[PDB]
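return atomic coordinates for the entry below.
(7 chains)
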Amino acid sequence: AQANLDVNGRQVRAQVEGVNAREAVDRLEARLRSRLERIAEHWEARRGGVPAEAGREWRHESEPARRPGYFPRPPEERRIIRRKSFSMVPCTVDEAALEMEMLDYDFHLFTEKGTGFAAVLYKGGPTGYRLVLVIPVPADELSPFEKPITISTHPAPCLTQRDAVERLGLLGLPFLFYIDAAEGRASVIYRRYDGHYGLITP
Amino acid sequence: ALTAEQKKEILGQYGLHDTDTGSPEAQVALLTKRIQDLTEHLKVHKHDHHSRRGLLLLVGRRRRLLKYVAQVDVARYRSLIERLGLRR
Amino acid sequence: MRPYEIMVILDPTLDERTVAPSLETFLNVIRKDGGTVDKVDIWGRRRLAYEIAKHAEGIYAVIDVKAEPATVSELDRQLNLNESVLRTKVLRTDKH
Amino acid sequence: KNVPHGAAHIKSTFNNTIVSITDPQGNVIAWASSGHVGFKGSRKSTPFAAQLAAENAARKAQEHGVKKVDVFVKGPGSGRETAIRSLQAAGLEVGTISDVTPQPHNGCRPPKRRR
Amino acid sequence: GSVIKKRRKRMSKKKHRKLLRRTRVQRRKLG
Amino acid sequence: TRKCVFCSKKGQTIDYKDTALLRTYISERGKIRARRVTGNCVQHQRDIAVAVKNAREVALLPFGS
RNA sequence: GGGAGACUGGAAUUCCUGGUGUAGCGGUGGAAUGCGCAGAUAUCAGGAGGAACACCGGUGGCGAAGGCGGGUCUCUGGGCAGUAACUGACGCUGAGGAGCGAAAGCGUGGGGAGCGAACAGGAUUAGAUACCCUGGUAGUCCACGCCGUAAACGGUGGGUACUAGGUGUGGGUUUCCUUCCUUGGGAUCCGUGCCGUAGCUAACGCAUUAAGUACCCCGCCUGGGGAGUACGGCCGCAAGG
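Residues are numbered from 1 along each chain as shown, chains lettered A, B, ... in the order given. This is the structure:
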């Protein structure tokens, strides 16, 4: 006995042998019932194979773990083992952008020509570039430029080292530019390529 | 357990001589004193089963020591039993 | 007679100049119980880590006593009964 | 009223985010929820819904005289990152960030595990 | 060892327990 | 590794009164630091934990500030 | 963190009260029952109550086993090391027997925040007496008592002597590097893991903590179902053992 069914495009076929028509038909019915049971594909039959939980258990379609670019190096012995002080000679926006480009660094901390204040430039994404100052000033006071940039309206706040690390952790930005509470001057912390924080100071 | 002074006085009163501390008479006396103290404790804390097991161990050791004494010298066994107020 | 260390925190409203005499009277019972020895040190008016009984500051007193356990328990009961004592804590300066 | 300085309370659960701006004496002055910005069901658990709710709450605090705020995050991470980013992006200055999540000292029995 | 033996034993014990539940009152009235 | 500063010949005694000696042993969140990150022996770690808990009970250290 | 009793601390959940405050909150793979518009959720302040003790915290400690960590006090058991003062074989095992014995369950009296068998709806399904969601009674808790079962497992009864080592870790004594700070290293006794000889095993594997080499005592097995069931008996308030 052979049976073929077209369940909504899915072909389910079965074949049995028997000593007579009745036994063969009954065995074929049992076989087809088992096949259809294994075919269901509705939610009740596909709910135990869907990946569950967050970290426990792993499956082929389980969501891959989100990994940051930096080595983890958890808060335990994170430390600050990179302190650059590249340049604080005054520069203009275009000169700061060129100093950015060959350094291959997404953000860069310099001191502005017109203001005399510390500033940090970074890639503003599709909007162009973005400039952040210790005290926000308009474009007219800022030295003339030709690159299309925008200025962040918020000021760099005053806060401590541990508070800065906490803000960076809870705010998830690639860096934090701030005026140090104890030092009173500019500082840019970024998570390094080894898991430590890179604190750039004057 | 007992303090040093109680042990000293018990050993002095029941010890065969002024030095012995492991003689079966002295051991039996010390075990009996410990047993009575543990009984007085357990009369208050009925549900302290672990100390009750310790009491059972002490009782068994005292019984074995009395067995040894009665096997070695009957008169010493009678004297010890009558002096410490034990029944069996 | 065992040694004990009692740390008490009192409310800050009452004057500090009366803390040492008043506490003295609180020890009088344990002084008359069994011939006990006391050493009182006071370093008070310190802000607490957390608010205790609607209070932020407190007066800290340390008493080193050598007395019987029953006497120390009775003294602790009296100290807790007093309304001018925010908290008490009794430790044994022995091996324990 | 006019409250130049206030606080921001962000509760980001696994299926909703609630943002409330608060006069520092603890009085809510303007709140926006994930479902209040047009989302419903699982859609309101997304970070984008948290962004919209945070921006709406920021505007509803800004027209009330709030200029500088400090944020108190709370709850398992669903859209906290985007919530604070949107709070900043709507012209509301962020003073400080504090993680105040109710952490029991092993009290109460949690519900039985799902399967 | 394989859990097949345990399955057989648990099935037997379960059936006996169900029988006891079914005839508890009758056993009490005859006992 | 690190040194059990108490097993040394200059090891200060562990008490629940001297608050600085305990503050140096708890993290910035107020939690008790692990033994490995500290390196003290098991007995001294237990004494430190007991002293920290006692000081918390007498309102000398915050309960997770 | 061995056990019992007493007192007591904080975070958090729930509820109540009073402010600010609006239209959603909650829940899922997706939703709906449900809560709210009579003012919910959110936020602050105050109050009440119950249970469990984050960090320390581990293949780490204690206990015969079950098992045991918020803090302090009182009472109490056991173990280890050194000296070897003391007694002088007083040792081992143990049929029956007695005691302890997780959780669930039963009785009397309290307590009841969270969780939650049973029970209601919601959802999925061809059907859902289920898995998922919203509620939720016994129970989980305390006191005094019962029961006497567990994958009560290391699936390995107790005691002793011997048989290559290497390396973690807990406790205690001591010699030499010697700063004598230092897991310095060595020696030794008592635990607790990993790897590995000989040897044993059907194999997997065990391997000084033997499943190796031997001695003493106890318990248990004699093909699978029927069956740890029937009858009889003992115990139990009952479930049942």
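
next to RNA strand G, which bits of chain D? Give me the list.
D:9, D:11, D:13-16, D:18, D:20, D:22-23, D:25-29, D:31, D:33-36, D:40-45, D:74, D:102-112, D:114-115 (CB under 7 Å from any atom of the strand). The way it works is simple: take the backbone N, C-alpha and C, and place the C-beta from them, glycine included.

just the ones of the residues you listed in strands?
Of those, the ones assigned to strands by DSSP state E are D:9, D:11, D:18, D:20, D:22-23, D:27-29, D:31, D:33, D:74.

closest one of those residues to chain C?
Taking CB to the nearest CB as the measure, residue D:74 is the one of these closest to chain C, at 20.7 Å.

quick one: the most centrally placed residue in chain A from residue A:191, how far?
Taking CA atoms, centre = their mean as the criterion, residue A:68 is the residue nearest the geometric centre of chain A, at 6.5 Å. From residue A:68 over to residue A:191 the distance is 8 Å, taken as CB to CB, to the nearest Å.

need the residues that contact the top helix by length along chain C.
Determined from DSSP state H, the single longest helix within chain C is helix C:19-34. Contact with helix C:19-34 is made by C:1, C:8, C:10, C:36, C:38, C:40, C:42, C:44, C:59, C:61, C:63, C:65, C:67-68, C:71-72, C:74-75, C:78-79, C:82, C:84, as judged by CB atoms under 8 Å, 6 or more residues apart in numbering or on different chains.

next one: stretch E:20-31
By CB under 8 Å, 6+ apart, no residue outside stretch E:20-31 reaches it.

residue F:62: what's it in contact with?
Here residue F:62 is in contact with C:49-50, F:30, F:56 (CB under 8 Å, 6+ apart).

which helices and strands does the helix or strand harbouring residue A:33 pack with?
Take DSSP states H and E as the rule and residue A:33 turns out to sit in helix A:21-39. Here helix A:21-39 is seen to pack against strand A:2-7, strand A:10-15 when contacts are counted using 3 or more CB pairs under 8 Å, 6 or more residues apart in numbering or on different chains; DSSP states H and E.

so which of the ones you listed comes closest to chain F?
That would be, of the helices and strands packed on helix A:21-39 and by CB to the nearest CB, strand A:10-15, which comes in at 56.5 Å.

give me the neighbour count for the residue of chain E found nearest chain A.
Distances between chain E and chain A by CB to the nearest CB are smallest at residue E:3, namely 20.7 Å. Using other CB atoms under 10 Å in any protein chain shown, the number of residues around residue E:3 comes to 8.

next: residue F:52.
Counted with other CB under 10 Å, residue F:52 comes out at 22.

how would you label it: helix, strand or coil?
With DSSP: H, G, I helix; E, B strand; the rest coil as the basis, residue F:52 sits in helix.

what separation do you get for it and residue F:45?
According to CB to CB, residue F:52 and residue F:45 sit 11 Å apart.

tell me which element the residue most central in space within chain F falls in.
For chain F, the residue nearest the mean C-alpha position is residue F:48 (3.7 Å; CA atoms, centre = their mean). Secondary-structure assignment from DSSP H and E places residue F:48 in helix F:42-57.

returning to what we had before: can you narrow the residues of chain D next to RNA strand G to ones near chain C?
Counting by CB under 8 Å from any CB of the partner chain, nothing from those sits close to chain C.

returning to what we had before: got a list of what the residue nearest to the centre of chain F touches?
Counting by CB under 8 Å, 6+ apart, residue F:48 touches F:14, F:22, F:25, F:32, F:38, F:40.

those in helices, which ones?
Cross-referencing the contacts of residue F:48 against helices under DSSP H gives F:22, F:38.

can you pull out the strands in chain A?
Here chain A has its strands, by DSSP E, at A:2-7, A:10-15, A:107-111, A:118-123, A:129-133, A:149-151, A:158-159, A:175-180, A:186-191, A:197-200.

want to throw these into a markdown table with mean neighbour count and distance to chain D?
What follows is the strands of chain A, written out as a markdown table (neighbours: other CB atoms under 10 Å in any protein chain shown; distance: least, CB to the nearest CB, whole Å):
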| stretch | mean neighbour count | distance to chain D |
| --- | --- | --- |
| strand A:2-7 | 11 | 29 |
| strand A:10-15 | 13 | 29 |
| strand A:107-111 | 20 | 17 |
| strand A:118-123 | 21 | 15 |
| strand A:129-133 | 20 | 12 |
| strand A:149-151 | 16 | 13 |
| strand A:158-159 | 16 | 7 |
| strand A:175-180 | 20 | 10 |
| strand A:186-191 | 22 | 14 |
| strand A:197-200 | 20 | 16 |
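
how about the residues of chain B that lie near RNA strand G?
Neighbours of RNA strand G within chain B, by CB under 7 Å from any atom of the strand: B:1, B:16-17, B:19-24, B:34, B:37-38, B:41, B:45-55, B:57-58, B:64-65, B:67-68, B:72.

one more time with 6 Å
Contact residues, chain B versus RNA strand G (CB under 6 Å from any atom of the strand): B:1, B:19-24, B:34, B:37-38, B:41, B:45-51, B:53-54, B:57-58, B:64-65, B:68.

the longest helix of chain C close to RNA strand G?
No: contact of helix C:19-34 with RNA strand G (CB under 6 Å from any atom of the strand) is absent, the minimum separation being 13.7 Å.

for the residue nearest to the centre of chain A, which residues are in contact?
Neighbouring residues of residue A:68 by CB under 8 Å, 6+ apart: residue A:191.

need the contact list for the closest residue to residue F:54 other than its chain neighbours.
Of all residues not flanking residue F:54 in the chain, residue F:16 sits nearest, at 3.8 Å (CB to CB, 6 or more residues apart in numbering or on different chains). Residue F:16 is in contact with C:91, F:22, F:50-52, F:54-55, F:58, F:60, counting by CB under 8 Å, 6+ apart.

please repeat the previous calculation with a cut-off of 10 Å.
Residues in contact with residue F:16 (CB atoms under 10 Å, 6 or more residues apart in numbering or on different chains) are C:5, C:7, C:89, C:91, F:22, F:47, F:50-58, F:60-61.

got a quick ChimeraX command for the buried subset of those residues?
To isolate in ChimeraX the members of the contacts of residue F:16 that are buried, counting by 16 or more other CB atoms under 10 Å in any protein chain shown, one can use:
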select /C:5,7,91 /F:22,47,51,52,54,55,56,58,60,61
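
where does chain A get nearest to chain C, residue-wise?
residue A:162 (19.1 Å).

likewise chain E?
For chain E, CB to the nearest CB, closest residue to chain C: residue E:6, 50.9 Å.

check chain D too.
Closest point on chain D to chain C, by CB to the nearest CB, is residue D:105, at 13.8 Å.

now for residue D:5, how many residues are close by?
Counted with other CB under 10 Å, the neighbours of residue D:5 add up to 14.

do the one 3 residues further on as well
Neighbour count of residue D:8, defined by other CB under 10 Å: 25.

so it sits right up against residue D:73, yeah?
Yes: taking contacts as CB atoms under 10 Å, residue D:8 lies within contact range of residue D:73: 8.9 Å.

tell me, what's touching these two both at once?
Shared contacts of residue D:8 and residue D:73, defined by CB under 10 Å, 6+ apart, comprise D:83-84, D:97.

residue numbers of chain F in contact with chain D?
Residues of chain F found near chain D (CB under 10 Å from any CB of the partner chain) are F:29, F:63-64.
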